[PDB]
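See structure below.
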Amino acid sequence: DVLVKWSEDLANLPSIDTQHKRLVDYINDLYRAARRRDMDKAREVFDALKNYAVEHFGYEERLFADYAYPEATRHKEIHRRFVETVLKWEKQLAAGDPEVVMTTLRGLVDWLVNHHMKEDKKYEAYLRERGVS
Ligand SMILES: [Ca+2]
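Just so we're aligned: 70 in UniProt numbering is position 67 of the sequence shown, and the numbers increase by one with no gaps anywhere.
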């Protein structure tokens with residue numbers, strides 16, 4: 004049923020929470036598809052998850068710019084390097100190999116949710132003080 008679950012450990016601004024939650028939803032959609040061995044749907048879901056992640060990263064970057072966040076550069080580059088990883092995964096998924104599926108799911112879970120979404124909390128106080136929600 005579920006591979007990962009958003010939790011209080013990840014709480015951030017309410018707009019950021021909605022996008023982080025929707026990313027969690029995409030990961031679990033991808034897991035359900037890969038589990039059923041429906042690889043066409045799994046690739047479709049992965050495509051949507053990539054595009055959503057890019058747009059979520061871009062939402063954060065716009066907030067960084069708008070609010071003159073001091074660590075905009077570092078954070079944007081961390082995003083950029085992860086997109087590069089996703090694009091590589093996307094290519095590797097073309098051949099539908101169980102091993103590649105797992106690399107992807109574990110990378111999304113281990114790095115995006117369990118690491119990067121926690122790291123996102125670092126901009127929270129700064130943006131909240133300036134009235135962002
Ligand atoms: Ca093969």
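Virtual Cβ for every residue (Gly too), placed ideally from N, Cα, C.
Same chain, Cβ closer than 6 Å to residue i, neighbours up to 5 away in sequence not counted
{"i": "residue 75", "result": "67"}
{"i": "residue 56", "result": "none"}
{"i": "residue 36", "result": "44, 45, 48"}
Where the alpha helix (DSSP H) through residue i begins and ends
{"i": "residue 59", "result": "42-69"}
{"i": "residue 31", "result": "17-38"}
{"i": "residue 5", "result": "From DSSP, residue 5 is part of no alpha helix (DSSP H); its letter is neither H nor E."}
{"i": "residue 128", "result": "127-132"}
{"i": "residue 110", "result": "101-110"}
{"i": "residue 124", "result": "Taken as a continuous stretch (DSSP letters only), residue 124 belongs to no alpha helix (DSSP H), as it is neither H nor E."}
{"i": "residue 90", "result": "75-95"}
Among the options, nearest to residue i - alpha-carbon criterion
{"i": "residue 27", "options": "135, 100, 127, 117", "result": "117"}
{"i": "residue 128", "options": "95, 4, 17", "result": "17"}
{"i": "residue 131", "options": "8, 19, 38", "result": "19"}
{"i": "residue 94", "options": "14, 45, 40", "result": "45"}
{"i": "residue 12", "options": "124, 133, 135", "result": "124"}
{"i": "residue 106", "options": "89, 119, 64, 122", "result": "89"}
Spatial neighbours of residue i in its chain, beta-carbon cut-off 7 Å, leaving aside the 5 residues before and after
{"i": "residue 135", "result": "16, 66, 70"}
{"i": "residue 99", "result": "42"}
{"i": "residue 6", "result": "30, 31, 34, 108, 112"}
* Asked: Would you say the segment 54-61 touches the segment 79-94, given that touching needs at least three Cβ pairs under 8 Å?
  -> yes
* Given 8 Å as the limit, is there contact between the segment 18-32 and the segment 42-55, that is, 3 or more CB pairs closer than that? -> With the cut-off at 8 Å, the segment 18-32 and the segment 42-55 touch.
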